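Next comes just one chain, in structure tokens: the form deposited in one PDB entry.
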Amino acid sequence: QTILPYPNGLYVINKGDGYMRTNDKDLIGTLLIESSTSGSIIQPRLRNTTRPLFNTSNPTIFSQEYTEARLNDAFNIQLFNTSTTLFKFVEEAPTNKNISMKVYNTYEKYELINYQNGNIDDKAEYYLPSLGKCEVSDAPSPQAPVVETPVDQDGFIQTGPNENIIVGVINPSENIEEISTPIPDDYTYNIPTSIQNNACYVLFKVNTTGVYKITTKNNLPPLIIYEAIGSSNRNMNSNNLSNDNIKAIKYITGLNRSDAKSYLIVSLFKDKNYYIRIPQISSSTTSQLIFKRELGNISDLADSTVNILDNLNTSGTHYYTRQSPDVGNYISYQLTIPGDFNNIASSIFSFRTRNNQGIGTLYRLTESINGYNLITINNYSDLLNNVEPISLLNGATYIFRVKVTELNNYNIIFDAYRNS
């Protein structure tokens, strides 16, 4: 029941090892090891068969075979119901007492979820057969009074160390386009007409490491970008992108919200592969993907979605709801002050947020023949309760960077209050 700061899509979550059912349904056996004696329990794999456990909320789509394919995409798991990995426990009893050795079968719990708009619409739990648990302790007295105890509720308990690793995977129902040649400093990709029928991903790599501005010609629709986990330093060709069919993807930045007019600014390394997810364009007029290397401190925004703000020519509150970045990550807003430019003319503004807390930085965006440049106008250590106003030059453009420090809600609301 916690906020999950990720875009819509599929995720495979490794929820830990050591899971086993209640009522000793996974108990292999108990050994009474008398003092000055050694006991041992072994899983020798004289048979390589294992018995996975599966549970789904939608058997037609999230079938076991489907979930297994996801798990393969996420962690590259090869074998699901077989194993050649042996495990064995060995304990020696002290000279003074007897020992009880209990061994159980265990499972690693992988959760598959279909995450849509801060909500889980489908869910499957796959329990991968693991390498057991062994509990040793002082042997109980054969005379200990028998206590009538009610059986526990049917279910699983977690025995291993705490773990929660989220790995996102390419949505298998959305096609993958590829930009074969390592994109130079400037590049424009024409979005195929297939985009009219469903979202797609575009796989590519930059020829030169640096910061890039990526966007559509109208700053619409919004774009999401991922990194192909493990794609770095494998096969490589300076004049061709070598594919690895890596379906495990790390979310860099981006949004799903339709009206979110914006562009991305992210740091990209040439030794890696990336995926840009383009939403479905329900139009008939060709769209484009524009890549542009950026020199200068525009990198301050590195790995962030820059939301261009609309309807600023009024007084008072100016809200903007957007998917909140995770604690520690950015989300930017671009402001072109309403009115005409002539240094003197200005307008009073008050930057604030409503759901989530964060640290803000206000920049003055300046154009040059050596790229863009930012000038820090001020910093804010409390956005939720900021009341400090600031006067901005009319006709000028400002960028406000928010660094989430407290993730209370799925969405973060930015308020560019206008005092006048």
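Each form is matched to the other, and the largest set of C-alpha atoms that superpose within 1.5 Å is called the rigid core. Residues carry their position along the shown sequence, with the first being 1. Only residues modelled in both forms are compared.
Novice: Which wins on mean Cα temperature factor, 241-249 or 85-93?
Specialist: The deposited B-factors put 241-249 ahead on the C-alpha mean.
Novice: Once you work out the mean C-alpha B-factor for both 12-20 and 404-412 from the entry, which is higher?
Specialist: Between 12-20 and 404-412, it is 404-412 that shows the higher mean C-alpha B-factor.
Novice: Considering only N171, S283, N72, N114, which residue's Cα atom bears the greatest B-factor as recorded?
Specialist: Answer, based on the entry's C-alpha B-factors: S283.
Novice: Could you say which of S35, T50, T30, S368 has its CA atom at the highest B factor, as listed in the PDB entry?
Specialist: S368 has the highest C-alpha B-factor of those listed.
Novice: Which third of the chain does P221 land in by C-alpha B-factor: lowest, middle or highest?
Specialist: According to the entry, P221 has a C-alpha B-factor in the chain's middle third.
Novice: Quick one: classify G316 as lowest, middle or highest third of the chain based on its Cα B-factor.
Specialist: Top third by C-alpha B-factor.
Novice: Within this chain, which third does the Cα B-factor at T181 fall in: lowest, middle or highest?
Specialist: Its C-alpha B-factor belongs to the highest third of this chain's values.
Novice: If you rank every modelled residue in this chain by C-alpha B factor, which third holds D154: lowest, middle or highest?
Specialist: Highest third, going by the recorded CA B-factors of the chain.
Novice: Check where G360 lands among this chain's C-alpha B-factors and tell me if it's the lowest, middle or highest third.
Specialist: Middle third, going by the recorded CA B-factors of the chain.
Form deposited in another entry: not shown, discussed below.
Novice: Can you tell me which of these residues, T49, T60, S368, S36, is the one whose C-alpha shifts by at least 2 angstroms between the shown form and the other one after a rigid core fit?
Specialist: Single hit from the list, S368.
Novice: Does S347 shift between the shown form and the other one by 2 angstroms or more at the C-alpha, the core having been superposed?
Specialist: After core superposition, the displacement of the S347 C-alpha between the shown form and the other one reaches the 2 Å mark, so yes.
Novice: Against the shown form, C-alpha atoms of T181 and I369 in the other entry: closer or farther, for a change of 3 Å or more?
Specialist: Their C-alpha distance grows by at least 3 Å in the other entry.
Novice: Could you identify the runs between the shown form and the other one where three or more consecutive residues, present in both forms, all have C-alpha shifts of 2 Å or more after superposing the core?
Specialist: Flagged stretches (3+ res, CA at least 2 Å): 344-347, 367-370.
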